[PDB]
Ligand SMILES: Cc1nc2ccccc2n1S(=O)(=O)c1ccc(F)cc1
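In structure tokens, the next block holds one chain alone, the form solved without the named molecule.
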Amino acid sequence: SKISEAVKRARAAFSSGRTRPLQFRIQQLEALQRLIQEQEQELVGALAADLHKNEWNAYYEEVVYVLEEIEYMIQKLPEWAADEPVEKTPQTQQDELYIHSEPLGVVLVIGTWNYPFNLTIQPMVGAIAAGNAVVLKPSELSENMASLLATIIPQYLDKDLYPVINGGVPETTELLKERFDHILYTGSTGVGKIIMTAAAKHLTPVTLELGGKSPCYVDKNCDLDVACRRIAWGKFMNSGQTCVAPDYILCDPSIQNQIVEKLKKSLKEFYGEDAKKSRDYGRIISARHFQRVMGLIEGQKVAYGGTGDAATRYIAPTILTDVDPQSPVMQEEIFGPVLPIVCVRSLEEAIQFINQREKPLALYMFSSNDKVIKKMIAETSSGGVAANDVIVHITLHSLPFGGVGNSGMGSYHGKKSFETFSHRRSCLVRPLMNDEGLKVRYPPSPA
């Protein structure tokens, strides 16, 4: 099959040793930099057609992070790839002890549709830097980006090492029968289980970046003007379609109306009176998802928004009040521009609420009280945490990005990408000279 042949060619190119010199890896990273610069308008056009992004947010909410990762990895690669001496003991003073990093082989990256350039290419950057071949499977839901990447990746990168596999679910299923040395998947919790099951057939390690509902606790006595503008930015970027969007708010009933008012103020600042006319507001990816999200508004009290246009997949920025946690909007990841507010009567109740649910990819809290922030962190579990902001924690080189429990396993970004896509091999090198200190270990044992 075309899929088997592409994987075979990637594996043969890897086994040849081509990717082992750092110079080769850096040439391919530099070719990706050239791709991003030269294909800027094409990338914008694809993101506009798939998701109703514009030239500014295509770059500053997505493509820029890929460029930043490439530049940082090129700079750090020689230090990261070096053998790393480790601590000795009195018995091993004359030995060399070190961790050797080496590629895994052929890595598969399965992209997702909501940031279809970042979530295909940013993982690829780390896997290239670690010396692997990298097979890419873009999501078919972001059809324009998928088509674009199939054309431009082989225009810039080695054609055997870094192939792009076209198609949808059947092609991904077929691809998952192939033998890889690591799989990174971004997507749903349910498909994560399918990926891990396929990986098990070849003992392939996985990095799974999955889902959940990221809570956003807002403390009673905090600056709501600052808080709600930050929350609205993260919730409504990309029309709500972000893995670490603040999915829902938990707050004391006494500040619910203040939160609604300040979110509304920020939304009008951001997108005007009619967000359908804002160049900065996105659209839902597909008709299925449009219908799903609109269904989540049914039965709810709409404090703002609540309307949609099926033909162009516009959903107005929507705020829901006094939401029943058992209702549908509170029983699935929303992934759209619908923000429910759930009342809780204390920090302790908020912590209980979060812990009774599955572990989220992100947890957010807004408070001016350092003790509240430390307590909530200490008593909950999530992939990552931001206090007093949203989104930003997954964009930083020094903070590995990943989930826990149902939100995933493993992590990447920065140095952690290099580690994730390598094998870290413990090495002990001893002199081949008689050593009296060793003879105690040989039989016969002493009486």
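Note that residue numbering follows the sequence shown and begins at 1.
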**Complete:** Avg C-alpha B-factor, entry values, 279 to 287 vs 154 to 162, higher side is 154 to 162
**248 to 256 versus 222 to 230 - which carries the larger mean C-alpha B factor in the record** = 222 to 230
**Prompt:** Out of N132, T204, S346, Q241, which one has a C-alpha B factor higher than all the others in the entry?
**Reply:** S346
**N57, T380, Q33, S411, ranked by C-alpha B-factor: the highest one** = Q33
**Item:** Cα B factor band for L361 (lowest, middle or highest third within the chain)
**Value:** lowest
**Asked** Looking at the C-alpha B-factor of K264, is it in the lowest, middle or highest third of its chain?
**Response** middle
**Request:** For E79, return the chain-relative third of its C-alpha B-factor as stated in the PDB record: lowest, middle or highest.
**Result:** highest
**Request:** Compare the C-alpha B factor of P138 with those of the other modelled residues in its chain, then answer lowest, middle or highest third.
**Result:** middle
**Asked** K416: which third of its chain by C-alpha temperature factor?
**Response** middle
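Heads up, the form deposited with the named molecule bound isn't pictured, but that's what we're talking about next.
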**Item:** Clash verdict for the named molecule in the deposited complex, overlaid onto the shown chain (3 or more atoms within 2.4 angstroms of backbone or C-beta)
**Value:** open
**Item:** in the deposited complex, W233 touching the named molecule (heavy atom, 4.5 Å)
**Value:** yes
**Prompt:** Applying a 4.5 Å heavy atom distance criterion, does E419 contact the named molecule in the deposited complex?
**Reply:** no
**Prompt:** Heavy atoms within 4.5 Å of the named molecule in the deposited complex: does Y115 have any?
**Reply:** yes
**Asked** Is there a heavy atom of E62 lying 4.5 Å or less from a heavy atom of the named molecule in the deposited complex?
**Response** yes
**Asked** Non-hydrogen atoms within 4.5 angstroms of the named molecule in the deposited complex: do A13, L157 and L161 all have one?
**Response** no
**Interface residue in the deposited complex among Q27, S381, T395, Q41, criterion: non-hydrogen atom within 4.5 angstroms of the named molecule** = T395
**Fill in**
Residue within 4.5 Å of the named molecule in the deposited complex by heavy atom, from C243, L148, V135, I354, is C243
**Prompt:** Thinking of the named molecule in the deposited complex, which stretch from 215 to 223, 101 to 109, 260 to 268, 118 to 126 has heavy atoms inside 4.5 Å of it?
**Reply:** 118 to 126
